[PDB]
Participant: 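Before I ask anything, let me first share the structure, which is written out below as structure tokens.
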Amino acid sequence: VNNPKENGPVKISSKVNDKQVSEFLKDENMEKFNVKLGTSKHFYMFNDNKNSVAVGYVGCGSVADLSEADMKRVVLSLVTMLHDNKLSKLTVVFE
Amino acid sequence: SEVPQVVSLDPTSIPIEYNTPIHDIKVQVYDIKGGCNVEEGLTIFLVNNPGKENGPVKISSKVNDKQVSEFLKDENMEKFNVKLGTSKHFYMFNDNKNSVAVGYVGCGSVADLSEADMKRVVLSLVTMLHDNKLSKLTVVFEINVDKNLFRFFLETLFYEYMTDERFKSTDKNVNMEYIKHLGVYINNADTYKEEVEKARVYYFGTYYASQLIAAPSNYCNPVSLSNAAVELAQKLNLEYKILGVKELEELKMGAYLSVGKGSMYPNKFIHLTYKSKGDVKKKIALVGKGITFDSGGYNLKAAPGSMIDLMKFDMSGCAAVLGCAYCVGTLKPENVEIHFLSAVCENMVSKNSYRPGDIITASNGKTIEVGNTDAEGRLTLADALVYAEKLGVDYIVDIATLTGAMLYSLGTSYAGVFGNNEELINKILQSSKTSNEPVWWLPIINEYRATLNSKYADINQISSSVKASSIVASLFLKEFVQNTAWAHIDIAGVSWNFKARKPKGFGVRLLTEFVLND
Amino acid sequence: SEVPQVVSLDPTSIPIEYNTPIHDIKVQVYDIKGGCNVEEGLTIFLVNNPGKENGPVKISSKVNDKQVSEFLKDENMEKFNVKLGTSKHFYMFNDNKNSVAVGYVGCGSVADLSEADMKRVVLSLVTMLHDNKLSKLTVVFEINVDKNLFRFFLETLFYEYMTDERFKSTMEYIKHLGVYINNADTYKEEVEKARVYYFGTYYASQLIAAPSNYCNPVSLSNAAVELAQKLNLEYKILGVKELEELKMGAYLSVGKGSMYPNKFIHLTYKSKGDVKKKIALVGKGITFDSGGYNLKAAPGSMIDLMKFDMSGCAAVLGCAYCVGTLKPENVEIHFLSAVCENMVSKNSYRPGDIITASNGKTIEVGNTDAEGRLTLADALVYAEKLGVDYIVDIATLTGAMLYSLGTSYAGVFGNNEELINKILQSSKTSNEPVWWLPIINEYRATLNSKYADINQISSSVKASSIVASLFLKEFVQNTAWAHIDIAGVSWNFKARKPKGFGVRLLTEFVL
Amino acid sequence: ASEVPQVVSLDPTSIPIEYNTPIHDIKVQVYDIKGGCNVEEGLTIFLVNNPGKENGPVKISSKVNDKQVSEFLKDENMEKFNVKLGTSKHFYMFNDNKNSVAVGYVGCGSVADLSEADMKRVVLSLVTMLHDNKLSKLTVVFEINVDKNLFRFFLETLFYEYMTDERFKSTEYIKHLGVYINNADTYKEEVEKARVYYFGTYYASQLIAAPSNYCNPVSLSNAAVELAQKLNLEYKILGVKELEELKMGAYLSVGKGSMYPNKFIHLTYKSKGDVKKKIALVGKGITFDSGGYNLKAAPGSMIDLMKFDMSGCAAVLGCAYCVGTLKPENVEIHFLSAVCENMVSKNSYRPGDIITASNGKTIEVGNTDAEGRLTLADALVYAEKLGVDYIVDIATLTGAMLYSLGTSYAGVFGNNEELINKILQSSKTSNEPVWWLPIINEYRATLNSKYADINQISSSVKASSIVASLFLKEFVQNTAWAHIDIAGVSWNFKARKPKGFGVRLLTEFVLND
Ligand SMILES: CC(C)(C)OC(=O)N[C@H](C(=O)NO)c1ccc(-n2cccn2)cc1
Ligand SMILES: CC(C)(C)OC(=O)N[C@H](C(=O)NO)c1ccc(-n2cccn2)cc1
Ligand SMILES: CC(C)(C)OC(=O)N[C@H](C(=O)NO)c1ccc(-n2cccn2)cc1
Ligand SMILES: [Zn+2]
Ligand SMILES: [Zn+2]
Ligand SMILES: [Zn+2]
Ligand SMILES: [Zn+2]
Ligand SMILES: [Zn+2]
Ligand SMILES: [Zn+2]
């Protein structure tokens, strides 16, 4: 996620086919986080099927067009969660 | 009192923040043997697993919520581990179908956390506070810690949580929202309650010193530093006295005055005094090195690795002593009389500066041959130590960023302590343990004394041969304490936090515990 | 206005020579069609040989003299070659039974001479002028050069011919210059443009070469006022009191340790027509760079050269002369320079000091020797408030240029693709070489200060020229801006003198 | 004994060693000062002080059974001299028997109790008179108060400083030493122990002072075997083939660029009694430290001194002599040293090279000049495999020691408080000053390598001495271990000679443990 402004709030636009996760991604909950390039937050919670899921975001700054360096900082933030989590699957949503 | 300027845009005072967001935090401590309530903000569990390294997470505390207790069940938590520093955030709904945030911080597999270990735990906690707009934080202790470590928890938490933005103009932080409430669940909570407000005072004493050190040399000078000390004494109600150049000339402090000759700022000797209302027992003088900027003088810091842009911290000792003044003046210990001393000046390059080779006379009559203008600290301390002993005190303790050699001896974590009295040193070491500011005892090797033998003056400022700068410097200072128990703490290596790019305020809690446990 | 002194023997003004020996040279341009006349003075033929490396000399021009023509016959000249830089002198009698001096300079084997080649040609020619007492020089172009290269010939010739003796205690320049070329009519207008471009370059050269005890913040601003008066540019010199009013804390901080008060130079040229582009030219004006408490004591710091640290200011002022003389239309130009001195004193600013710029941004000083970007910062803010279309700064900012482009090419940075392109063409037509260097944003994070809004310098990144450019970019909010780093090209180390680099480049930019 | 390789025939193939020294020929007699002093033969020196009155006048209190000398020592004559520490005077005259005798004094200051350093200055002043006199007998009169250890320290320092090494020179000594002191009978037993401690120290001195062309891995190992044979110690010298089998890759890597093969020294002393405590003494044995490809080219790197980089091994061998001579009971001691040479060659190891120790730990080399800890690593692993109770290593490891304790005090690190206290105790009785330095675990993270198990050095942390200990600690799994860094105290820079530091310290540790 980005915010075209600077250190802006996180806003999720995509529709999520899960009620529990959808409540988490509501503007009020996500507005407490900012889009500073590289900043990230992830939470563990139960979805509609009472299954354990981890959800989060990675800040992509205030610029609409990310550079190679910008994308590099984004990927590294992502890898940090992968290295600190015993996950079976990673899902990335490009907003 | 009036700060001299070169241009009208030059600052005439050090900006100081007294009322910090931390002081607005309402802190409540509950006993864990009653269960935990989860409602507002983030609730963090401090959890370990003794023996089983990177062990699984197990929540032992009773949670006064059915939904949260089921969430926190062992079956759920077993995929997470207690690796020291590790942390995770949880999202869930409570019994009232309300959204609550829960998480933990790994405290490792060892039962007894060290000063460094607890420090790492607190840092993980602060990361959770950062980038999140929380109104209330609640910490649940599922580990065993004593009162000192618990207090150390709060001190470190408050300090690291706090952000210094005194010098931010247009790069201030628009997401800087601090919590308003701190809840603490612990075992035998009644015993820990008294540590809360002791931590807050210790916090600000440390943060106060941090503010003075971090303040650049154009803001923080001999005049502005002494003025701030006067202001602090007035808010505390301590006797204070600021000696100017004329009084210092009368007192024949030629070593101290020589160092500041090249500065546009007049020398200022800070003298604060705290006297307890009761039969005085121990009388203490705390002496801090107060060089607002160390250019090195004509022995300019031009060599690679000299870190000249850092030398705003050369008054860290003075800052530590003043921070102690706040703590002592606030806690009001009994049966003690404390003198807070610092010979403040600036070591600059000018036509009026003193030269390498110059021979100067100290207030005790001793003549000194200056071999290096960059060894000015011991020179200022020399006249300060003499002044201290004239007060007829029981203990003289100085603290200063004296020798860079400390970085090669003890490094950045442990400070070095020297002295002429075995008993006083142990008090410092003991105070180090209870304050959790690490200090190691270093020897004053008398065999090196001969290298300070000057051909013309009574004594040399520095040695020409010996590379043991910390020991040699201590040998110098000892020549200015005739018949009093004296200790010297060299905090050159531990004063500045290079990784975090900020001061530690090292020495404030150490000295306060020293004054209090005495 | 009044220059402060320590002793009565201290200079109170920069010695400036306006009317130079070059200006007394009568220059005439003739068309080669009709033959070349000699007899008088020294006559030099510029000859090349396309294809052959060190091929034989062949004179192509028709010579209006029987004696000289026979002497200059191919058979006689075939023992000589056209190797670049070569020169020869001939003695003979003309049609009038008079003794005449003739010779040539090799222009190589390439048909199209480059700027460096032509420069090497001029040095060879000037060598003939120095050890010989001539009244007239005659040059015959038997090579192909365009108008720009022709103008460059004259500029370089005039510049190298001229000798600066303002500081000599302890002679006879030519009075006439004749030029034979084809299409003479088209090149005639280039002559006086060369004369002007020459002095603009030479003017700046005098200011740069002038030592810091002669050229100081007060005397330099006075010279600029004097220059504005010999021209007719609006001028205003801001003193410390005005700078305090304008809250220029970065600029004022650098000069705190100096005995000379800060002086902000502001010259303005306004066209007597409907203005189109408004331009601010900003030059670094450090009359001496000691480095401050970050003293230039390290090996290779070259402290004895730091009188040239006002080279940017000199270039801007040199541009002012050409523009004020040539009177371009539809343009309004502001010539700006934050002038001061970076010294060591009890009053100097310190490493670690936090200062406030005029745009409100607070800056943490990590190195007092990086004073240039600090002065430019307040100047760039001052420039942008003028509401201009283009802001271009020129400065001897970073020594790293010596490791990137060397001594021939200057580096240009900017926030506008269009502005950069104008500079590059100006580089081509002015024949002052410039190469486009990138502002790498990934390095910006190194300027993130813990206490101040921004860091003055980087602790890690060694790409100083780019990092410094990142700093300056933080003080141009919404205007096309370019930055020319002339640290490496300002001083001609081999010749022991300044180049006056930037005057012709900026003038071409304005034109 | 292996054959030492040569480049030319003029290259030495063995270390010249002096076993029978003139000191061993000195007859020592101790008399009680209460009975009065006899003056007759040789030079008689009085050790006098003046408590309180600094640089005070000299006053001789002892009664001398000679009229001529007695008039000389009268207060009126001696008061013209002062007791400034190190000051000395001596005159030649005829005694009651018309015999030529020399009498004098050495100033012991205004302090009643001399320190180890102070006593050193006294001996040097004394030795100066011995080097300028062809005397048959020296007599020292103690008019100062000294304990049993300090008296023995007197003799050791006297013997050591008196002795001059002339093995490489070519282009007398007293036969009697008389001592007047109080409670002479109690000090008598210290005499012959001083002689042994003397040679143990001087022996190590011979090894250290010996240049790298004489003292190399082969010649030094041969010397260790010879010493073991003269004492009757079990000995074993491991060659490259055996070292390869034991997988000592760290130790082998440092010596790869040398023309001299690596040699692992293993000496053992076993008591003719029921063994109780088993001890391994490990000394760093770098015959020359050029620094490798990280060449010692920086100013102050003192490359011409790096023949002394085997000072640790020399101390251990010196200890081997003392123990093998004094023959302690209920103890088994292993004297270990992985000896090699750190040179520059096509075969040398490179910065960045990753190597494997005998314990399986892989190491990333960040600086070839940090070769000591690499050799010690494999040595420490070998030691622990012997199944010992105590492991103590001694090495000239870090130059930072010059910035911490200087040239007088050695540094001690460890993983066991009790063992460290023993070393500190050993320091007091041996009078070889040592200070306890901390192993700060917080710095351990700087040794985390990106590719290897562990880093050889830190890139950031400047506490080099502490970082090195953190390194070494990774090669001692479950044994009491202490580490003595003698880099700063090993060489006497002013006197231009080795101290043989550690020999007496280690021997006292072995004897008192
Ligand atoms: C006397 C001498 C030359 C051996 O040591 C110093 O000059 N030390 C300087 C100094 O100015 N002491 O007053 C010094 C002190 C501290 C540091 N230091 C650098 C980081 C932390 N401390 C560096 C240099
Ligand atoms: C601060 C740093 C290292 C990033 O850049 C400089 O030190 N620049 C200095 C300077 O004084 N800038 O104001 C510098 C160094 C060398 C040159 N220089 C050297 C040859 C030609 N120019 C110019 C400037
Ligand atoms: C920081 C480092 C690892 C590069 O250097 C050292 O800590 N010590 C080197 C060394 O490892 N040598 O093998 C060292 C050790 C001793 C000295 N030394 C110099 C005089 C006495 N000792 C100098 C450098
Ligand atoms: Zn200093
Ligand atoms: Zn200092
Ligand atoms: Zn500079
Ligand atoms: Zn500059
Ligand atoms: Zn080495
Ligand atoms: Zn070594």
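Order of appearance sets the numbers: ligands from 1, and atoms from 1 within every ligand. We name chains A, B, ... by the order of the sequence lines, and we start the count at 1 in each one.
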Participant: Taking the N/O/S atoms of B:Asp294 one by one, which is nearest to the Zn ion (ligand 4)?
Facilitator: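 Considering only N, O and S atoms, B:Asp294 comes nearest to the Zn ion (ligand 4) through OD2.
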
Participant: Ignoring angles and geometry beyond distance, decide whether C:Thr396 reaches within less than 3.5 Å of ligand 2 through its nitrogen or oxygen atoms.
Facilitator: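 No; every N/O pair is 3.5 Å or more apart.
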
Participant: Who's the nearest protein heavy-atom neighbour of atom 10 (C) of ligand 2, and how far?
Facilitator: C:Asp369 O, 3.1 Å

Participant: Under 3.5 Å, side chain of B:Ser295 to main-chain N/O of B:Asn347, donor-acceptor pair present?
Facilitator: yes

Participant: Considering only protein heavy atoms, which is closest to atom 12 (N) of ligand 2, and at what distance to one decimal place?
Facilitator: C:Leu397 O, 2.9 Å

Participant: Does only the side chain of C:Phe471 get under 4.0 Å from ligand 2, or the backbone, or both, or neither? Count heavy atoms.
Facilitator: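 Contact part for C:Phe471 vs ligand 2: neither.
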
Participant: Would C:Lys284 count as a contact residue for ligand 2, given that I'm defining contact as a non-hydrogen atom of the residue lying under 4.0 Å from a ligand atom?
Facilitator: yes

Participant: Would C:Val392 and C:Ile484 count as a side chain to side chain contact (heavy atoms under 4.5 Å, CB included) if you check the C-alpha gap in whole Å, the side-chain angles of each, and the deciding distance to 0.1 Å?
Facilitator: CA-CA 8 Å; C:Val392 176; C:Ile484 308 177; 4.1 Å; yes

Participant: Within ligand 2, which atoms have a heavy atom of C:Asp289 less than 4.0 Å away?
Facilitator: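 Within the 4.0 Å cut-off of C:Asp289, ligand 2 contributes 10 (C), 11 (O), 13 (O).
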
Participant: Taking the minimum heavy-atom distance to atom 22 (N) of ligand 2, which of C:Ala487, C:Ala463, C:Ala468 ranks first?
Facilitator: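 Shortest heavy-atom distance from atom 22 (N) of ligand 2: C:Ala487.
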
Participant: Is B:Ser263 reaching over with its side chain to a backbone N or O of B:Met348, donor-acceptor style, under 3.5 angstrom?
Facilitator: no

Participant: Just need the protein heavy atom nearest to atom 3 (C) of ligand 2, so name the residue and atom and give the distance.
Facilitator: C:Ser464 OG, 4.5 Å

Participant: Strictly distance-based, threshold 3.5 Å: is any side-chain N or O of B:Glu346 a donor or acceptor partner for the main-chain N or O of B:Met264?
Facilitator: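 No; zero donor-acceptor contacts below 3.5 Å.
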
Participant: Before accepting this row, confirm whether a basic side-chain N of the pair C:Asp309/C:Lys284 lies closer than 4.0 Å to the acidic partner's carboxylate O.
Facilitator: yes

Participant: May I ask you to list the atoms of ligand 2 that are less than 4.0 angstrom from any heavy atom of C:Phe308?
Facilitator: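 Checking each atom against C:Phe308, I get 21 (C), 22 (N).
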
Participant: State whether the shortest distance between N or O atoms of C:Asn367 and N or O atoms of ligand 2 falls below 3.5 angstrom.
Facilitator: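 No, there is no polar N/O contact under 3.5 Å.
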
Participant: When you compare the side chains of C:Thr446 and C:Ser458, does any donor N or O come within less than 3.5 Å of an acceptor on the partner?
Facilitator: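 Short answer, yes.
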
Participant: State the atom name: nearest N, O or S atom of B:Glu376 to the Zn ion (ligand 4).
Facilitator: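 Closest N, O or S atom of B:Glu376 to the Zn ion (ligand 4): OE1.
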
Participant: Are any of the heavy atoms in C:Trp491 under 4.0 Å away from ligand 2?
Facilitator: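 False for this residue.
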
Participant: In terms of residue, atom name and distance, what is the protein heavy atom nearest to atom 23 (C) of ligand 2?
Facilitator: C:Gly399 N, 3.8 Å

Participant: Is it true that C:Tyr251 and C:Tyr382 have ring centroids separated by less than 6.0 Å?
Facilitator: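 Centroid separation for C:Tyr251 and C:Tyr382: 6.0 Å or greater.
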
Participant: Can you tell me which residue among C:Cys340, C:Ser221, C:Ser212, C:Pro217 is in a side-chain contact (heavy atoms from CB on, under 4.5 Å) with C:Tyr260?
Facilitator: C:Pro217

Participant: Which residue supplies the protein heavy atom nearest to atom 1 (C) of ligand 2, what is that atom called, and how far is it?
Facilitator: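 Ranking protein heavy atoms by distance from atom 1 (C) of ligand 2, first comes C:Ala370 CB, 3.9 Å.
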
Participant: Give me the nearest non-hydrogen protein atom to atom 20 (C) of ligand 2 as residue plus atom name, then the distance to 0.1 Å.
Facilitator: C:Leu402 CD1, 3.6 Å

Participant: Distance-only, no hydrogens or angles: does the C:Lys307 side chain make a donor-acceptor pair with backbone N or O of C:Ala209 under 3.5 Å?
Facilitator: yes

Participant: Evaluate C:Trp491 against C:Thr407 for side chain to side chain contact (heavy atoms under 4.5 Å, CB included), listing each step before the verdict.
Facilitator: CA-CA 8 Å; C:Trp491 190 266; C:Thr407 58; over 6 Å; no

Participant: Out of curiosity, is C:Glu371 lining ligand 2, as in a heavy atom under 4.0 Å away?
Facilitator: yes

Participant: Closest non-hydrogen protein atom to atom 5 (O) of ligand 2, residue and atom name please, with distance?
Facilitator: C:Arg373 NH2, 4.3 Å

Participant: If you round to 10 degrees, what value do you get for the angle at the Zn ion (ligand 7) between C:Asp309 atom OD2 and C:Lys284 atom NZ?
Facilitator: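 Roughly 90°, rounded to 10°.
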
Participant: Below 4.0 Å, non-hydrogen atoms only: which portion of C:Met302 touches ligand 2? Side chain, backbone, both or neither.
Facilitator: neither

Participant: In Å, rounded to the nearest 0.5 Å, how long is the span from OG of C:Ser490 to CG of C:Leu305?
Facilitator: 7.5 Å

Participant: Strictly below 4.0 Å, N to O, side chains only: are B:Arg501 and C:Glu364 in salt-bridge contact?
Facilitator: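 Salt bridge between B:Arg501 and C:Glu364, a charged N being under 4.0 Å from a carboxylate O: no.
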
